[PDB]
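**Q** Just run20.csv, nothing more (CSV, C-alpha atoms):
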```csv
chain,number,residue,atom,x,y,z
A,1,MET,CA,20.1,-9.1,100.3
A,2,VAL,CA,22.6,-8.2,103.0
A,3,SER,CA,24.3,-5.0,101.7
A,4,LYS,CA,28.0,-4.2,101.8
A,5,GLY,CA,27.0,-1.4,104.1
A,6,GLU,CA,25.4,-3.6,106.8
A,7,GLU,CA,28.1,-6.2,106.8
A,8,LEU,CA,30.6,-3.4,107.7
A,9,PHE,CA,28.8,-3.2,111.0
A,10,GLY,CA,28.6,-6.8,112.1
A,11,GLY,CA,31.2,-6.7,114.9
A,12,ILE,CA,33.0,-4.0,117.0
A,13,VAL,CA,34.1,-1.0,114.8
A,14,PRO,CA,36.8,1.5,115.8
A,15,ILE,CA,35.5,5.1,115.7
A,16,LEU,CA,37.3,8.4,115.2
A,17,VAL,CA,35.7,11.8,115.7
A,18,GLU,CA,37.3,15.1,114.8
A,19,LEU,CA,35.5,18.4,115.4
A,20,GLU,CA,36.6,22.0,114.6
A,21,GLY,CA,34.4,24.6,116.2
A,22,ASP,CA,34.0,28.4,116.5
A,23,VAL,CA,31.2,29.6,118.9
A,24,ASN,CA,31.0,33.4,119.1
A,25,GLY,CA,34.6,33.6,117.9
A,26,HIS,CA,35.7,31.1,120.6
A,27,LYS,CA,37.7,28.5,118.5
A,28,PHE,CA,38.1,25.0,119.7
A,29,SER,CA,39.0,21.5,118.7
A,30,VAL,CA,37.7,18.1,119.9
A,31,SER,CA,39.0,14.6,119.1
A,32,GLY,CA,37.3,11.4,120.2
A,33,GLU,CA,37.9,7.7,119.9
A,34,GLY,CA,36.3,4.5,120.9
A,35,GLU,CA,34.2,1.9,119.3
A,36,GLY,CA,30.7,1.0,118.1
A,37,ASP,CA,28.7,-2.2,118.2
A,38,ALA,CA,25.7,-1.7,116.1
A,39,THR,CA,24.3,-5.2,116.9
A,40,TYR,CA,23.7,-3.9,120.4
A,41,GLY,CA,23.2,-0.1,119.5
A,42,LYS,CA,26.3,0.4,121.6
A,43,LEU,CA,28.8,3.4,121.5
A,44,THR,CA,31.8,3.9,123.9
A,45,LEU,CA,33.8,7.0,123.3
A,46,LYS,CA,36.0,9.4,125.0
A,47,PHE,CA,36.4,13.0,123.7
A,48,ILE,CA,39.2,15.4,124.5
A,49,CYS,CA,39.2,19.2,123.9
A,50,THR,CA,42.6,19.6,122.3
A,51,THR,CA,42.7,23.3,122.6
A,52,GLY,CA,42.3,23.6,126.4
A,53,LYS,CA,39.0,24.6,128.0
A,54,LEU,CA,35.9,23.8,125.9
A,55,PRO,CA,34.1,27.2,125.6
A,56,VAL,CA,30.6,25.4,125.5
A,57,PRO,CA,29.1,22.7,127.8
A,58,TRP,CA,30.0,19.1,126.7
A,59,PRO,CA,26.4,18.1,126.8
A,60,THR,CA,25.7,20.5,124.0
A,61,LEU,CA,28.1,18.7,121.7
A,62,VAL,CA,26.8,15.2,122.2
A,63,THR,CA,24.4,15.1,119.3
A,64,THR,CA,27.0,16.6,117.0
A,65,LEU,CA,29.8,14.3,118.1
A,67,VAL,CA,27.3,8.3,114.1
A,68,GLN,CA,23.8,7.1,113.7
A,69,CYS,CA,25.1,4.3,111.5
A,70,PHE,CA,25.7,2.6,114.9
A,71,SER,CA,22.0,2.4,115.7
A,72,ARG,CA,20.5,-1.0,116.3
A,73,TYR,CA,17.8,-1.5,113.7
A,74,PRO,CA,15.7,-4.5,114.6
A,75,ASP,CA,15.7,-7.2,111.9
A,76,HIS,CA,12.2,-6.3,111.0
A,77,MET,CA,13.3,-2.7,110.3
A,78,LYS,CA,16.5,-3.4,108.3
A,79,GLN,CA,15.1,-2.1,105.1
A,80,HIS,CA,14.8,1.3,106.9
A,81,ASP,CA,18.5,1.8,107.8
A,82,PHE,CA,19.7,4.7,105.6
A,83,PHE,CA,22.8,5.3,107.6
A,84,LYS,CA,24.4,1.9,106.9
A,85,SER,CA,23.0,1.6,103.5
A,86,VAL,CA,25.4,4.3,102.1
A,87,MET,CA,28.5,2.8,103.6
A,88,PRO,CA,31.5,2.6,103.1
A,89,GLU,CA,31.4,5.8,101.1
A,90,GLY,CA,29.3,7.6,103.7
A,91,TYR,CA,26.9,10.5,104.2
A,92,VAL,CA,26.9,14.2,104.8
A,93,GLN,CA,25.1,15.2,108.0
A,94,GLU,CA,24.0,18.7,108.4
A,95,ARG,CA,22.2,20.4,111.4
A,96,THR,CA,20.9,23.6,112.8
A,97,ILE,CA,20.5,23.5,116.5
A,98,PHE,CA,18.5,26.4,118.0
A,99,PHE,CA,19.1,27.0,121.7
A,100,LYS,CA,15.8,28.6,122.9
A,101,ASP,CA,16.5,32.1,124.1
A,102,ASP,CA,20.1,31.9,123.0
A,103,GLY,CA,22.2,31.2,119.9
A,104,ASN,CA,22.5,28.4,117.4
A,105,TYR,CA,24.9,25.9,116.1
A,106,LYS,CA,25.2,25.0,112.4
A,107,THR,CA,27.1,21.8,111.8
A,108,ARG,CA,28.4,20.0,108.7
A,109,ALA,CA,29.9,16.5,109.0
A,110,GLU,CA,31.1,13.7,106.8
A,111,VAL,CA,30.7,10.2,108.1
A,112,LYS,CA,32.6,7.4,106.3
A,113,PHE,CA,35.0,4.6,106.6
A,114,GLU,CA,38.7,5.2,106.4
A,115,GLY,CA,39.9,1.6,106.2
A,116,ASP,CA,38.5,-0.2,109.2
A,117,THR,CA,37.7,3.0,111.2
A,118,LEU,CA,34.4,4.8,111.0
A,119,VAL,CA,35.2,8.5,110.9
A,120,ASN,CA,33.1,11.5,111.8
A,121,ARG,CA,34.7,14.8,110.6
A,122,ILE,CA,32.7,17.8,111.8
A,123,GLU,CA,32.8,21.6,111.3
A,124,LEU,CA,30.7,23.5,113.9
A,125,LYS,CA,29.8,27.2,113.8
A,126,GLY,CA,27.9,28.9,116.6
A,127,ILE,CA,26.5,32.5,116.5
A,128,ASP,CA,24.3,34.8,118.6
A,129,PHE,CA,25.0,33.3,121.9
A,130,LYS,CA,24.7,35.4,125.1
A,131,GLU,CA,28.1,35.7,126.8
A,132,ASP,CA,26.7,34.8,130.2
A,133,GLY,CA,23.9,32.6,128.9
A,134,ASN,CA,23.4,29.0,129.8
A,135,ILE,CA,25.9,27.9,127.1
A,136,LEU,CA,28.8,30.4,127.2
A,137,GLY,CA,28.4,30.6,131.0
A,138,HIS,CA,28.4,26.8,131.4
A,139,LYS,CA,25.2,26.6,133.4
A,140,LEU,CA,24.2,23.1,132.1
A,141,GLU,CA,24.3,20.0,134.3
A,142,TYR,CA,26.6,17.2,133.1
A,143,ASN,CA,24.2,14.5,132.3
A,144,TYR,CA,21.9,13.8,129.4
A,145,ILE,CA,18.2,13.0,128.9
A,146,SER,CA,16.6,10.4,126.7
A,147,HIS,CA,14.9,11.5,123.6
A,148,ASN,CA,13.6,10.2,120.4
A,149,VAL,CA,15.0,11.3,117.0
A,150,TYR,CA,12.2,11.4,114.4
A,151,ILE,CA,13.4,10.3,110.9
A,152,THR,CA,11.6,10.9,107.6
A,153,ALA,CA,12.6,10.3,104.0
A,154,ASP,CA,13.6,13.2,101.8
A,155,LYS,CA,12.8,11.8,98.3
A,156,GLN,CA,13.7,15.0,96.6
A,157,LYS,CA,17.3,14.9,98.0
A,158,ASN,CA,18.1,11.1,97.9
A,159,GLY,CA,18.4,11.3,101.7
A,160,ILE,CA,16.7,11.8,105.1
A,161,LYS,CA,15.5,14.6,107.3
A,162,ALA,CA,15.3,14.3,111.1
A,163,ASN,CA,13.9,16.5,113.9
A,164,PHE,CA,14.1,16.3,117.7
A,165,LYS,CA,14.3,18.3,120.9
A,166,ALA,CA,17.0,17.9,123.4
A,167,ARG,CA,16.2,19.3,126.8
A,168,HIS,CA,19.3,20.1,128.8
A,169,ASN,CA,19.0,20.5,132.6
A,170,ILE,CA,20.2,23.9,133.9
A,171,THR,CA,22.0,24.0,137.2
A,172,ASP,CA,19.2,26.0,138.8
A,173,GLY,CA,16.8,23.2,138.0
A,174,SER,CA,15.3,24.7,134.8
A,175,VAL,CA,15.6,23.3,131.2
A,176,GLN,CA,17.4,24.6,128.1
A,177,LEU,CA,15.7,23.5,124.9
A,178,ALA,CA,17.9,22.7,121.9
A,179,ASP,CA,15.6,22.2,118.9
A,180,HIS,CA,17.5,20.1,116.3
A,181,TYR,CA,16.9,20.1,112.5
A,182,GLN,CA,18.9,17.5,110.5
A,183,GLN,CA,19.5,16.4,107.0
A,184,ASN,CA,21.6,13.6,105.6
A,185,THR,CA,22.7,12.9,102.0
A,186,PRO,CA,24.9,10.2,100.6
A,187,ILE,CA,28.4,11.1,99.6
A,188,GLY,CA,28.4,8.6,96.7
A,189,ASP,CA,26.1,8.1,93.7
A,190,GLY,CA,25.0,4.6,94.6
A,191,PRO,CA,21.6,3.3,95.7
A,192,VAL,CA,20.2,4.2,99.1
A,193,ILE,CA,17.4,3.0,101.3
A,194,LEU,CA,14.8,5.7,101.8
A,195,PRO,CA,13.0,4.7,105.0
A,196,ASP,CA,9.5,4.9,106.2
A,197,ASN,CA,8.9,7.3,109.1
A,198,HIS,CA,10.4,5.9,112.2
A,199,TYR,CA,12.4,7.0,115.3
A,200,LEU,CA,15.6,6.3,117.0
A,201,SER,CA,15.3,5.9,120.7
A,202,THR,CA,18.5,7.3,122.2
A,203,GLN,CA,20.1,7.4,125.6
A,204,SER,CA,23.6,8.5,126.8
A,205,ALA,CA,25.5,8.5,130.0
A,206,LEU,CA,28.2,11.1,130.5
A,207,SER,CA,31.1,10.5,132.9
A,208,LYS,CA,34.7,11.5,133.6
A,209,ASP,CA,38.1,9.6,133.4
A,210,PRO,CA,39.7,9.9,136.9
A,211,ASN,CA,43.2,10.0,135.4
A,212,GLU,CA,42.5,12.5,132.6
A,213,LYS,CA,43.9,16.0,133.0
A,214,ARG,CA,42.5,17.5,129.8
A,215,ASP,CA,38.9,18.8,129.4
A,216,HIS,CA,37.0,15.7,128.3
A,217,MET,CA,33.9,13.7,128.2
A,218,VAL,CA,33.4,10.0,128.5
A,219,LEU,CA,30.2,8.8,126.7
A,220,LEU,CA,28.3,5.6,126.8
A,221,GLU,CA,25.4,5.5,124.4
A,222,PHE,CA,22.6,3.0,123.3
A,223,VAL,CA,20.3,3.7,120.3
A,224,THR,CA,17.6,1.4,119.0
A,225,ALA,CA,15.4,2.1,116.0
A,226,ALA,CA,11.6,1.8,116.5
A,227,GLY,CA,8.1,2.9,115.5
A,228,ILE,CA,7.3,0.4,112.7
```
Would you write out, as structure tokens, the structure that this file holds?
**A**
Amino acid sequence: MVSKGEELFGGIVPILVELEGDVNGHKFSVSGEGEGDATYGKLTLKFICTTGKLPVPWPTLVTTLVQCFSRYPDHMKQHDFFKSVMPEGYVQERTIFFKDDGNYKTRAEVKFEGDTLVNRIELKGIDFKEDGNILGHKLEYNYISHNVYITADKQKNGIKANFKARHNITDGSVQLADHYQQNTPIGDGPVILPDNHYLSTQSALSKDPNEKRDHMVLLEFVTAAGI
């Protein structure tokens, strides 16, 4: 079989991201657009903070701001939950614990609206230190590689994932962000529940020389592995 879900991802797909956040009562909104090419694990997006200055570092929002665009090798296609649930989509939830600082909780719905794959996110951050690495913007504007470890959750008709992002601090240290994730389908239909595997993820952060708003240009490649 080649599912409806997979076929949606065969060429270039327009992407729209909308995020509403509140971190320590600092309210903010982010929009992004661009496109995905899952054949190549490829994402190209630009994000704008629509409310002025982003109160947190951009690198901290990367994981929150469409794993359905992962390149799953042919031999691992029966393990691709994300695409399996499309076009109806999935709920993605996380808790991100910044070591020695606060945490984000996120809830997102990822789904097709017509031809556009949409990521709608609510983010809530508490317990942050006002002149910590996050609210004091002490994180370097780059990103590291890491692997995202994916396991089935039979008891929820979904998946769980775990991973550590390590953000460089401007003094040369590292700020650990320990991610705990769950995804459930939005619809009632069948889903692939995968064997354990990982997503090998990389991103490059850059700026648009003409853009006056606070923003982030992102180029990202993700390939599934470990089977």
**Q** Measuring between all atoms listed in the file, which one of A:177, A:54, A:219, A:162 shows the shortest distance to residue 103 in chain A?
**A**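 Checking each of A:177, A:54, A:219, A:162 against residue 103 in chain A, counting all atoms listed in the file, the winner is A:177.
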**Q** Return the padded bounding box of range 104-117 of chain A as lines of an AutoDock Vina configuration file: axis-aligned, built from all atoms listed in the file, 5 Å added on each side, with centre and edge lengths in Å to one decimal.
**A**
```
center_x = 31.2
center_y = 14.1
center_z = 111.8
size_x = 27.4
size_y = 38.6
size_z = 21.2
```
**Q** Which of these residues is nearest to residue 46 in chain A, using all atoms listed in the file: A:31, A:211, A:176, A:156?
**A** A:31
**Q** Mind giving me the straight-line distance from CA of residue 164 in chain A to CA of residue 35 in chain A in Å, one decimal?
**A**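 We find that CA of residue 164 in chain A and CA of residue 35 in chain A lie 24.8 Å from each other.
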**Q** Would you kindly return, as number ranges by chain, each protein, DNA or RNA residue with an atom no farther than 8 Å from any atom of range 127-138 of chain A, considering only C-alpha atoms and excluding same-chain residues fewer than 5 positions away?
**A** A: 23-24, 55-57, 102-105, 170, 176
**Q** If I take CA of residue 38 in chain A and CA of residue 158 in chain A, how far is one from the other in Å, to one decimal?
**A**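 A separation of 23.5 Å between them.
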**Q** Do a neighbour search on residue 48 in chain A at 9 Å with all atoms listed in the file, toss out local chain neighbours closer than 6 positions, and write the hits as an mmCIF file with C-alpha atoms, in the frame of the given file.
**A**
```
data_model
loop_
_atom_site.group_PDB
_atom_site.id
_atom_site.type_symbol
_atom_site.label_atom_id
_atom_site.label_comp_id
_atom_site.auth_asym_id
_atom_site.auth_seq_id
_atom_site.Cartn_x
_atom_site.Cartn_y
_atom_site.Cartn_z
ATOM 1 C CA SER A 29 39.000 21.500 118.700
ATOM 2 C CA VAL A 30 37.700 18.100 119.900
ATOM 3 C CA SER A 31 39.000 14.600 119.100
ATOM 4 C CA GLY A 32 37.300 11.400 120.200
ATOM 5 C CA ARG A 214 42.500 17.500 129.800
ATOM 6 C CA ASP A 215 38.900 18.800 129.400
ATOM 7 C CA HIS A 216 37.000 15.700 128.300
ATOM 8 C CA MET A 217 33.900 13.700 128.200
ATOM 9 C CA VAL A 218 33.400 10.000 128.500
#
```
**Q** Using only C-alpha atoms and a cutoff of 10 Å, can you tell me which residues are near (18.7, -7.1, 112.9) in the file's coordinates, and write them out as a PyMOL selection string?
**A** chain A and resi 6+10+38-40+72-79
**Q** If I take CA of residue 140 in chain A and CA of residue 62 in chain A, how far is one from the other in Å, to one decimal?
**A**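 Interatomic distance here is 12.9 Å.
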